[PDB]
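In: This one's a deposited entry, sequence included:
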There are 2 protein chains.
Amino acid sequence: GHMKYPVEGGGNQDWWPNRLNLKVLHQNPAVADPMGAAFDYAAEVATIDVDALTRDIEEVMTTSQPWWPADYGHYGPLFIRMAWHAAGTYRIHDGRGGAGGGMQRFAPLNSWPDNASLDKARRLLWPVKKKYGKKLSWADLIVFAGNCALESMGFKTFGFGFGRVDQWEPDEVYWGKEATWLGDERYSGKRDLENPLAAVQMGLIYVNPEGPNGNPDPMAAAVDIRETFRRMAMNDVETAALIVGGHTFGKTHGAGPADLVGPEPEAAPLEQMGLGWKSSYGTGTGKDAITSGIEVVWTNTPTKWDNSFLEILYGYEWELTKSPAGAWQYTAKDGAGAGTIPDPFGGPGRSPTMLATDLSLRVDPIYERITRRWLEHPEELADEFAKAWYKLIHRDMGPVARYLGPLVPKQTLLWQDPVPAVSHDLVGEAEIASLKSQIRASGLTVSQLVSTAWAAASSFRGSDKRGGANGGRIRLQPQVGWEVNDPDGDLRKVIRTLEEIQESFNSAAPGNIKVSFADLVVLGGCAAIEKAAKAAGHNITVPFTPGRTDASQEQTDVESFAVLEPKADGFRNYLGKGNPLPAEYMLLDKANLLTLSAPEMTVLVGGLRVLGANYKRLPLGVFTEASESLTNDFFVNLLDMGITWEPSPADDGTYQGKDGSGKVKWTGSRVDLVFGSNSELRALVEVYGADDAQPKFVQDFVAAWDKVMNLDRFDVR
Amino acid sequence: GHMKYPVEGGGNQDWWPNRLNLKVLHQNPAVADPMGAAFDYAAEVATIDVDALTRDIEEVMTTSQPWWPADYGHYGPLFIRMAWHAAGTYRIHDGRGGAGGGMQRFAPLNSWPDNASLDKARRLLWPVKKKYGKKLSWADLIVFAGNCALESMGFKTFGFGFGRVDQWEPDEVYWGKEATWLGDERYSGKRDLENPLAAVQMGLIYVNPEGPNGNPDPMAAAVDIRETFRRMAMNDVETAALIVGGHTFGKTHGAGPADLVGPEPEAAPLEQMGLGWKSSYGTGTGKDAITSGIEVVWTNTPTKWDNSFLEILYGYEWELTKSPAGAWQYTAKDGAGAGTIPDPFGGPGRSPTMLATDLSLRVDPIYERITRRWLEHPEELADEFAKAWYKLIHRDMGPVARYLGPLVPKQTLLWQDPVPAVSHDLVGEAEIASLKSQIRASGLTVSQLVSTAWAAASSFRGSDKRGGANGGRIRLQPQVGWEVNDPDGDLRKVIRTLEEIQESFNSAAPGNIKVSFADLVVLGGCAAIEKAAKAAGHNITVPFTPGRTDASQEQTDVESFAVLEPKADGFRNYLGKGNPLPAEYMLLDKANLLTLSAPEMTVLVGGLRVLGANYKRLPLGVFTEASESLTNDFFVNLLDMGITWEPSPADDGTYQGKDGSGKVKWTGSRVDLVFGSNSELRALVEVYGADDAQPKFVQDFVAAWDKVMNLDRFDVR
Ligand code: HEM
Ligand code: HEM
Ligand code: NA
Ligand code: NA
């Protein structure tokens, strides 16, 4: 090995390969953003002419370009695949992937094997991006083109929301440990796919079109289809509708040997202008195109919505065969259907063909019941595909407040984790002050109030923008039972008291002002922090933004919320079983999901410890002699060289900090000690631990606290 | 190999090992900075009681701490080593390293083998940093503590400048290609050290204390001493003065085997709280301390300034011997000087010892002349050490306007690239506008004016803050003869015409208003940009800040300015011979030294191309039909899929862009085409090439141009 220049990627990871990487807390940094600090994409796309945008995309779709000629004269099918692949990286386990940031245009997604030829697809839409400019993000354009493709070929969609904000660096995501494209080191037990992954091989969207590891067994492939799509939030009906609906259009490409296809875009030479997979087979495009290596045309109407896919699937018997590149596919038996499938460039007709994974829809008993019903009753397919496609393309959009434009449909959807509209006037400054005082007089402790507010708000994750304190779901299943939230039953007492305050305030309230339980949860935390900072000699007011509303249990999909349960929350010194990495790594990952910077994470940990927010009120990291007091004691004591730290003899993830007399003075976890050990984190601790730092600490803590309380408040942004 | 989680360092560099790394353009991002955007270190520094700070440092130096007991009851010598190592990473080829960012507290420098035990040294200063808080950076404190140590032990220093702002992440710098600490793959020929390095092995500051590659030949060691120090801006007299001056104090540490010393700080367990090199030899500290493995005490007065180092060097004869840890060192022959050297902890006196590299001062003919003189003239040694030590610890401070505090002497120093004080009233709005008109009417072309202004300003590098347009040095040696500046070339003509305008304005100007040549060079580029924007149909004003002054040749050290000459400038499409990496990497490297973001680099390239700023007015990348008009044509045409690019058949670093007819329409270099090929840069090009983007492009181009024009203008901020 050799070390490289930083401009060629050399850096400190080379010398200390396992080191904590704080880069995850400064993704998409503002200096790399070419737009002004005042740029507001929502404001820009709110003024776009959707009708003109559609007509322009329709012109692109029927104007073949010589560097990638249009199959059947229509790019729609290619744009549908492009959009499905943009949304198809989404995973429920961390909410990462999806189309919400336009990450398909960056590495590694722009160069995954399964995204072959989408480099040309995205290039075909530059004339639209060029015309609409800052009013249209690549992120929106990529999925809207797929939506327009459907509509122009005869499928009416449920609707569409704009608002995906373009980014300028790829989000770095763990896609698997495999160091070879298409590799597989991600299964254990009886075909247990490693969490958090949602594809069966490195660089695939979901499954292998030739069957598991290339064995074209449709029954076995259905197992992989069902589980990967489950991990992408799709059930059996949704999964079958998406595959049938997608393969109603277009064709696969495998006209010649795959070893004639050159390097992927990130590996390709400069003259290719960001395109990859240059092919020396024939013309390398169009009639000679190679993408997957498979050569299937599912329907006799590749540019039209109808029920041909299932009529063909069930109307023939299927035989294993090979594409011109040598990949497995299926063809109709006994020369049946000869010549009935049209050629993309006017050649002679061909025979019916299907992927092994299409046959899964007929061979798997559950998919068979679903798809045979749609064979007999096609209007049910149209309905389920419209709902599943809408979900797929919007799954990572966050609260519905973020959806913009004239195509947004009004209906509420359970999967959107809906919260009720505001139905009364909101508390003002006087009512907020009164509620603060009442909660402070209620007998709830600073620790209880801060812990509950943090438990509610910190359920948010910035990947797919799910979770948060809006909805008041801390009192509903499953959040009320989460181990980190309610180890001992204390949470139910906090919930009851706040509900009593909600009832007495609302029944006595002036005019038409009413307050939600969800707001009171957050306000309670803000009140306790004002109390604790007063105990520490600081008169501060904690910001509070009203307007959260209270979801019902019936409006809360308990199975869907399961993925939001923390297995680790270093801010509460909580480490459950099953995490992929040691505690300090899980801490930074949590800070990343909360969109926190390193200074924000550092101040939050120090303040939460001394406020008593620790899981089970454990003393780990509680480096203070004061109770219910917002001081910078955590940082001061962390830097005290009078304390000698050793791993606890119990070998239990904890440490003992002894003073000069050999007496144990403090105890701590890996999450606590990492702030005193890591050279970048320790530098932040020395800011907040200095003699002059206590006012800055209180100010920076409150700002970070307020940020977390507001993470999901897109209703006011 | 296995791919890792991003939080453990995984990312796109793993899949494409040689990819351009755009992170070099967002070092120390604002999100990671815990101080406000409003934080103003200069304003905080101005408040510090420097006499109190000196007393507080003196208390630290004389208060031994149990976890690292003080040799001779004084940490002074340790702090001198600390400060000399902080400044000692500096190198002239790229100006990186040095003490100005406090980078010793971060990886990898905090863990270099040569910085062993400085982890404890810095830790000892936390009580001072704790007391002074935001008024005192770690960067200043590390080097001020060394200065204070000299003064406390009897050496009067020349003075001291505060003003080094703390940074919050490591500057990642190429320190060599060796993947093993103390490795050596950096020599070729007889003894040619690869550029840009200024140390003889990976992790060393300058040279090996046991001689080249461990061969304790003092004559060969002097070859390495002279070359590495030269590459750190020190000549023979300065180098001798620094080595004698430092080893006047303290001792080395090698009491036992180095294999009993544990991992360097970045690799050490959490409980060590950021300290490393934990030793199981005896108490592992103090009397049992192991740092280098050498056990030498140079002088009979390790805590006092006097002339004992040279009196001992010349007063004994020296024989080669081994330290207790097995390292080569020298000791007096014939058992001379028994017991004359004191022990750090009251042990028995010991005999005189020296390093191989100390004998170099007596063995090398040039150093022998210099130091034999100081044997009888310690007053000259003191004078030369004061000047060289001041130089060493301020070398990267930039213009003297940055030096803060009450200890900065006013004497001008040639190495500081001085510029005259402003001696007349400065041009105002009326005079600036009149001069712009005169320059626009002078007959100088937009290409000439923009090229010359860029040439002057872009000599700045943010590493050591040398260079820039202040000084008017573009008309002086050596900048007037740099290949990139004056190939043919119009430079002398531009200089002459600007000088005529300066003469004509100054002999007829209002009041006491005089304009400098340096200001006119910059103002000329600003007026040309205004002219080119008008030719495109935009009335704009380019900001301009007067106040540059004109250095004379006698105030310009020609050999010191040699290192500022660009071997590559992608902003002018100039690629000389001898660069370490292909042209697109040298572009990012240049953008980094100009402190530019990726958007700033992008607009500058597109703008300079169409303004005609290319070296030798070559057509590479000049993707426009207009002559000297400020449009976004570069970006529009880069994204034109009607152009097919191929490397030129001449294999000459260039590409041909052909239209549909097969006619060559454009030519470009790697630096041009990388903006169309790299997926992160192409995204920025798509911002500036959209239909709505030309006013944004002009606005951002102007802001980036103004930034480069002002890079060295610390005199006005
Ligand atoms: C088990 C799930 C799936 C598998 C194994 C699969 C596999 C494939 C393969 C191998 C191709 C050929 C790519 C090429 O060579 O050009 C393809 C194309 C395509 N996919 Fe699927 N896919 C799946 C699900 C979906 C879904 C959910 C959609 C959309 C809702 C979709 C829409 C399309 C379309 C429209 C094409 C045609 C592209 C064109 O005409 O250029 N696919 N798919
Ligand atoms: C050829 C150049 C140099 C070489 C080879 C060299 C080598 C060394 C070595 C091996 C040590 C022992 C580290 C340890 O084991 O504790 C040391 C210590 C020291 N160095 Fe030098 N050094 C050089 C230049 C300098 C300079 C230029 C200065 C300051 C102007 C300096 C100041 C010191 C001091 C004060 C110590 C004593 C540290 C203590 O008492 O803890 N050195 N040097
Ligand atoms: Na069809
Ligand atoms: Na001495």
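Out: Perfect, thanks for sending it. Numbers count the residues shown, from 1 in each chain, chains lettered A, B, ... in the order given. Ligands and ions are numbered 1, 2, ... in the order given.

In: Do a quick rundown of the strands in the stretch 501-650 of chain A.
Out: For the stretch 501-650 of chain A, the strands defined by DSSP state E, counting those that start in this stretch occupy A:568-569, A:574-575, A:644-647.

In: Over to the stretch 101-250 of chain A?
Out: A:187-188, A:192-193.

In: what's the last one in contact with?
Out: Which is strand A:192-193. Strand A:192-193 has contacts (Cβ atoms under 8 Å, 6 or more residues apart in numbering or on different chains) with A:186, A:187, A:200, A:227, A:228, A:231. From N, CA and C alone the C-beta is placed, and that goes for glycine too.

In: For ligand 1, state which of those residues is nearest.
Out: Within those, the smallest distance to ligand 1 is 7.9 Å, found for residue A:228 (Cβ to the nearest ligand atom).

In: check contacts around that closest one.
Out: Shown in contact with residue A:228 (Cβ under 8 Å, 6+ apart): A:193, A:198, A:199, A:200, A:206, A:207.

In: can you put those residues in a markdown table and add distance to residue B:581 and neighbour count?
Out: Shown next, in a markdown table, are the contacts of residue A:228 (distance: Cβ to Cβ, whole Å; neighbours: other Cβ atoms under 10 Å in any protein chain shown):
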| residue | distance to residue B:581 | neighbour count |
| --- | --- | --- |
| A:193 | 41 | 18 |
| A:198 | 38 | 26 |
| A:199 | 35 | 26 |
| A:200 | 39 | 23 |
| A:206 | 40 | 25 |
| A:207 | 41 | 23 |
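
In: Adding distance to residue A:415, write those residues out as a markdown table.
Out: Below are these laid out as a markdown table (distance: Cβ to Cβ, whole Å):
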| residue | distance to residue A:415 |
| --- | --- |
| A:193 | 22 |
| A:198 | 17 |
| A:199 | 21 |
| A:200 | 24 |
| A:206 | 19 |
| A:207 | 22 |
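
In: of the residues you listed, list those near ligand 1.
Out: Restricting these to those adjacent to ligand 1 (criterion: Cβ under 6 Å from any ligand atom) gives A:206, A:207.

In: Looking at the contacts of residue A:228, spot the one nearest residue A:593.
Out: residue A:198 (17.0 Å; Cβ to Cβ).

In: picking up where we left off before, give me the subset of the contacts of strand A:192-193 lying in helices.
Out: Using DSSP state H, the subset of the contacts of strand A:192-193 located in helices is A:227, A:228.

In: Out of the contacts of strand A:192-193, the closest to residue A:167 would be?
Out: residue A:231 (23.9 Å).

In: surely that closest one meets residue A:95?
Out: No: here residue A:231 lies out of contact with residue A:95, judged by Cβ atoms under 8 Å, at a distance of 11.3 Å.

In: For those two, indicate the residue with more neighbours.
Out: Remark: of residue A:231 and residue A:95, residue A:95 carries more neighbours, 24 against 20, as counted by other Cβ atoms under 10 Å in any protein chain shown.

In: pretty sure that one contacts residue A:396?
Out: Yes: counting by Cβ under 8 Å, residue A:95 touches residue A:396, with 6.7 Å between them.

In: For those two, list the residues in contact with both.
Out: A:463, A:464, A:465.

In: returning to that earlier point: can you say which of the strands of the stretch 101-250 of chain A is packed in most?
Out: strand A:192-193 (a mean of 14; mean count of other Cβ atoms under 10 Å in any protein chain shown).

In: What pairs with it, parallel or antiparallel?
Out: The strands beside strand A:192-193 in its sheet (DSSP bridges) come out as strand A:187-188 (antiparallel).
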